[PDB]
Protein chains: 2
Amino acid sequence: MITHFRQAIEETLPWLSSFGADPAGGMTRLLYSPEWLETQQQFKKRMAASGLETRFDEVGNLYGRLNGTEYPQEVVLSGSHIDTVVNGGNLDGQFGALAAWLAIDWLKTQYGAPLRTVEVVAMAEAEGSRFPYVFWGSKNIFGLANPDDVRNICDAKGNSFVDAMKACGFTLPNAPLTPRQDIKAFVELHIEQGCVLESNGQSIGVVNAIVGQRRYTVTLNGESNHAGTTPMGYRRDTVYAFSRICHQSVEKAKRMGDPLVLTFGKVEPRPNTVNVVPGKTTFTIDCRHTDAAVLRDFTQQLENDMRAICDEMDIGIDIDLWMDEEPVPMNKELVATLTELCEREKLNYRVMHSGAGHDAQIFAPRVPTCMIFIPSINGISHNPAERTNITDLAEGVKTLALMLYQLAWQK
Amino acid sequence: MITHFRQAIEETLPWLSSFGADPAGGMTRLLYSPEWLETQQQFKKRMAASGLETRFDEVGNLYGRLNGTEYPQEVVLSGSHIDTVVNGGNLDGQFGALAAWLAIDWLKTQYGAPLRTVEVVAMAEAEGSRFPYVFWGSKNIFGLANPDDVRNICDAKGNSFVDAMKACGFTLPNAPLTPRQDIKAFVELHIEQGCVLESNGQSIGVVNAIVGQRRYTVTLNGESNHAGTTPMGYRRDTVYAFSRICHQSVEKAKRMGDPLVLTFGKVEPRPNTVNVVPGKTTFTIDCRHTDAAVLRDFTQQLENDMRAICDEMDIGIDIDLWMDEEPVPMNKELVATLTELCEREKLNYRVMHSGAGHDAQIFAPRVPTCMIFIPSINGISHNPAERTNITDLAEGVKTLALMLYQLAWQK
Ligand SMILES: NC(=O)NC(NC(N)=O)C(=O)[O-]
Ligand SMILES: NC(=O)NC(NC(N)=O)C(=O)[O-]
Ligand SMILES: [Mn+2]
Ligand SMILES: [Mn+2]
């Protein structure tokens with residue numbers, strides 16, 4: 001069975017990874033890009049060929065469905081996001097969608113139709129890496145996505161959300177969607193992304209909680225001027241202002257210690273020229289913690305700090321909080337069932353939280369959910385070198401299969 | 001004379017400014033761009049039509065020639081650069097080329113052919129705004145440019161110098177050019193760019209020196225990784241490193257005080273995504289001073305500081321000094337002539353240095369050269385709001401005309 005999944009992964013992973021392969025390294029498959037569309041089209045086609053009933057929903061989440069014999073109205077769901085960051089790896093997101101499909105297909109062949117319906121899902125986006133919105137895919141599954149929040153947003157190159165979506169053959173809905181009521185449980189297999197499993201020698205992570213997370217886009221407005229003729233004390237330099245903000249804030253975060261993390265990942269000065277004092281800089285903030293209050297208090301302090309610096313420098317600031325998620329626990333009963341499985345199968349597991357966000361955190365408050373981690377070598381992710389031992393991946397798909405067996409082929 | 005020049009400027013300025021007009025603001029006419037080409041062609045056309053014999057040299061420097069009746073082998077040269085920064089104003093560079101033409105045209109119709117030959121020049125580039133090379137135009141006039149230095153460089157978008165240059169109709173020389181020997185004097189009219197003239201209430205700047213200037217491209221290499229799962233202590237974050245460098249260095253520059261200027265105008269993190277610790281940042285440094293030793297000492301200290309910071313952070317650093325120009329004085333005899341001219345005309349002038357770089361600084365060590373400044377309102381330059389009162393502009397052209405009258409219509 002490990003042998004089967006190994007083979008299946010070796011067969012399909014390289015194939016799936018070709019759609020959105022970036023010449024500059026790794027994967028770049030952003031929400032509603034042509035690469036995004038082609039991935040979902042091809043993936044759909046392969047699931048169909050395997051005998052699954054396939055569909056898009058109104059926003060382009062992809063489903064492969066195998067109907068239940070005794071409770072067709074109850075759905076056990078598994079999968080993950082297909083989107084990536086820029087120059088990402090080929091496991092983050094897509095592996096969990098691929099795995100759910102491989103698990104289901106194998107269960108189908110070994111044990112025939114399930115008692116209750118099982119679905120593979122490949123969700124539209126969870127990376128929040130193209131537009132200033134996150135979890136467009138999963139939020140729509142539960143009608144949590146307000147179309148007003150994306151009707152007026154663009155990517156870095158000025159393409160509107162609405163246009164890109166339409167280019168992929170989807171129409172922005174007029175109002176939030178009807179939330180699904182038929183889901184009994186959701187199970188997301190995913191690479192750990194950090195090195196907790198690898199450094200402690202363990203093979204499977206049983207996730208019991210996911211971190212809280214804020215993302216900001218901040219815009220500094222100063223004055224563009226000549227690099228040579230503008231005396232230093234007359235300047236309104238947005239890159240200098242940005243640097244004080246970044247330097248001071250990272251310093252503060254380092255004093256708070258783990259698990260506070262703080263990242264200034266994207267910086268865009270304008271006009272971005274060697275001999276021009278930059279009169280505008282737009283940058284992002286990503287900040288996370290296991291505790292909601294710590295995350296709130298720390299980030300609010302950061303907002304005050306930024307306003308203080310800017311005010312002192314006579315520079316305009318616009319602070320745009322576009323992701324604000326509470327930490328969420330996984331379902332206790334499902335976490336026990338998973339732990340019990342690991343004990344029974346004699347798996348070398350650990351119980352741990354996720355430092356990454358996942359569609360699972362959107363699911364959790366609405367339907368019973370849990371996550372299975374497998375290791376990430378060197379704790380490298382969002383980097384083309386992201387990789388995992390093939391037997392570890394297979395062990396993950398096996399563990400996923402057994403969980404889905406319990407949940408859908410048993411009453 | 002003033003009214004003629006006011007009208008001449010009001011006619012030709014919006015015309016010349018239409019080539020390279022950037023919809024997003026101001027002017028964007030970079031070396032060897034389509035806008036660059038059109039500008040040079042259109043200017044060449046109008047000059048020829050006004051009765052000047054025009055040529056391009058091997059690199060796209062544009063000349064408008066009026067031959068001299070008694071010493072045709074002696075050339076009095078005037079003009080400036082036609083390129084711009086990104087979203088620049090419409091006076092920097094082009095106004096002095098425009099003025100030279102307007103002045104020679106007017107002198108020609110009032111006093112006929114000059115004794116010596118006079119030429120307008122519109123030089124290819126002095127902004128160093130597109131490729132990592134500066135003064136490609138004026139350096140080639142004197143055979144100072146090594147073709148090897150540009151053969152393998154590219155713009156930010158990956159366009160090679162050689163391809164851009166070929167696309168414009170010019171062939172990269174196999175070796176350094178033969179310097180012109182026939183130039184007797186160079187006069188460059190130009191806006192001040194700073195606010196010295198405006199704030200002291202004067203109308204004409206008699207430039208006696210130009211600053212030294214260094215430009216670096218610095219490349220930091222760390223490791224891209226996941227914003228959430230990578231603990232702070234395990235990071236090699238290049239934006240954080242950059243920000244430490246920029247913050248500290250600007251602080252030191254302020255401690256040195258005027259005339260030291262230091263600018264970090266361009267920053268390019270990779271992959272530049274909100275939830276990715278950026279594993280690479282490329283940024284520029286622009287640093288200038290009136291004194292060669294101060295500039296050298298400060299920037300070398302900056303080089304040590306950056307190395308120290310990066311060694312401490314385990315981040316690789318590459319430092320590429322691509323412009324290293326000494327400060328240079330204008331010709332004593334010409335400055336005196338220009339000063340004496342201002343005295344006789346009772347122009348409210350002052351003697352000052354230029355904090356900006358100019359083709360005149362490349363000319364100076366080879367031919368007698370001087371510059372004339374006119375005010376810049378609010379000391380705004382390298383910014384679409386770059387403006388100078390029309391009478392000041394007229395007054396500068398007038399001054400240039402008189403200066404050229406003495407140099408060329410007199411023995
Ligand atoms: N599994 C992920 O990489 N998720 C990413 N996306 C969200 N929404 O968290 C991230 O940055 O952690
Ligand atoms: N007149 C200019 O703006 N020149 C520019 N160009 C050079 N080479 O200095 C600059 O940055 O100052
Ligand atoms: Mn990710
Ligand atoms: Mn300039």
Side-chain angles (χ1 to χ4, degrees), chain A residues 1-18 20-22 25-27 29 78-85 87-103 106 122 126-127 187-207 338 342 345 347-360 370-403, chain B residues 223-231 234 275-277 279:
Chain A
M1 168 169 45
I2 281 296
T3 38
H4 169 74
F5 286 133
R6 214 195 198 267
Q7 217 161 355
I9 295 163
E10 286 175 344
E11 248 224 292
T12 53
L13 185 57
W15 164 83
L16 195 64
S17 311
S18 71
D22 190 324
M27 308 285 305
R29 178 197 294 153
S78 190
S80 194
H81 61 272
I82 29 75
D83 69 319
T84 72
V85 300
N87 306 117
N90 75 331
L91 296 175
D92 179 355
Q94 79 170 4
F95 182 72
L98 180 60
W101 175 58
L102 300 182
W106 185 81
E127 295 286 3
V187 187
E188 179 163 9
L189 178 68
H190 207 284
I191 51 160
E192 187 211 320
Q193 301 180 281
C195 59
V196 168
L197 295 176
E198 181 183 61
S199 58
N200 295 270
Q202 292 146 340
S203 303
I204 293 276
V206 170
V207 177
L338 185 45
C342 296
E345 294 300 313
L347 293 172
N348 190 14
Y349 74 100
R350 83 147 37 198
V351 181
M352 57 184 305
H353 78 272
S354 178
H358 297 283
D359 291 306
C370 62
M371 297 199 69
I372 309 177
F373 276 173
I374 65 275
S376 285
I377 108 99
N378 288 332
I380 292 279
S381 191
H382 284 184
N383 174 315
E386 176 186 281
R387 65 201 188 277
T388 293
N389 190 279
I390 189 78
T391 67
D392 284 326
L393 294 171
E395 201 66 70
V397 180
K398 175 164 167 279
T399 305
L400 174 59
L402 300 189
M403 196 67 179
Chain B
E223 178 172 68
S224 296
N225 212 334
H226 199 282
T229 56
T230 309
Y234 292 167
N275 53 340
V276 189
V277 188

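Every chain is numbered from 1 and lettered A, B, ... according to where its sequence line falls, protein lines coming before strand lines. Hydrogens, waters and symmetry mates are skipped; everything else that's a heavy atom, side chains included, is used.
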- request: Before giving the answer on side-chain contact (heavy atoms from CB on, under 4.5 Å), spell out for A:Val196 and A:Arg350 the whole-Å C-alpha distance, their side-chain angles and the decisive distance to 0.1 Å.
  value: CA-CA 9 Å; A:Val196 168; A:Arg350 83 147 37 198; 3.5 Å; yes
- request: Would you check, one step at a time, whether the test side-chain contact (heavy atoms from CB on, under 4.5 Å) holds for A:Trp101 with A:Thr12?
  value: CA-CA 11 Å; A:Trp101 175 58; A:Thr12 53; 3.8 Å; yes
message: Run the side-chain contact (heavy atoms from CB on, under 4.5 Å) test on A:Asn378 and A:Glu198 for me, step by step, so that the C-alpha distance in whole Å, both residues' side-chain angles and the decisive distance to 0.1 Å come before the verdict.
response: CA-CA 7 Å; A:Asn378 288 332; A:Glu198 181 183 61; 3.7 Å; yes
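Closest non-hydrogen pair, A:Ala385 versus A:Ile380, comes out as C-CG2, 4.1 Å. In this structure, A:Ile9 and A:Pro14 approach most closely via the heavy-atom pair O-CD, 3.6 Å. Contact between A:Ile191 and A:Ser381 at its shortest, heavy atoms only, is CD1-OG, 4.3 Å.
In this structure, a donor-acceptor pair under 3.5 Å is absent between the side chains of A:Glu395 and A:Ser203. For the residue pair A:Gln94 / A:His81, no side-chain donor-acceptor distance below 3.5 Å is found, with atom types taken as modelled. In this model, no donor atom of one side chain and acceptor atom of the other lie less than 3.5 Å apart for A:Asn383 and B:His226. With no hydrogens or angles considered, no side-chain donor-acceptor pair links A:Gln193 and A:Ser376 at under 3.5 Å.
Within 6.0 Å of the CD atom in A:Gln7, the count of heavy atoms belonging to other residues, nucleotides or ligands does not exceed 12.
Looking at A:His190 and A:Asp92, their side chains come closer than 4.5 Å, going by heavy atoms from C-beta outward. Taking 4.5 Å as the limit, some side-chain heavy atom of A:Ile204 sits within range of a side-chain heavy atom of A:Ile372.
Classified by interplanar angle (parallel below 30°, tilted 30° to 60°, perpendicular above 60°), the ring pair A:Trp106/A:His4 is tilted.
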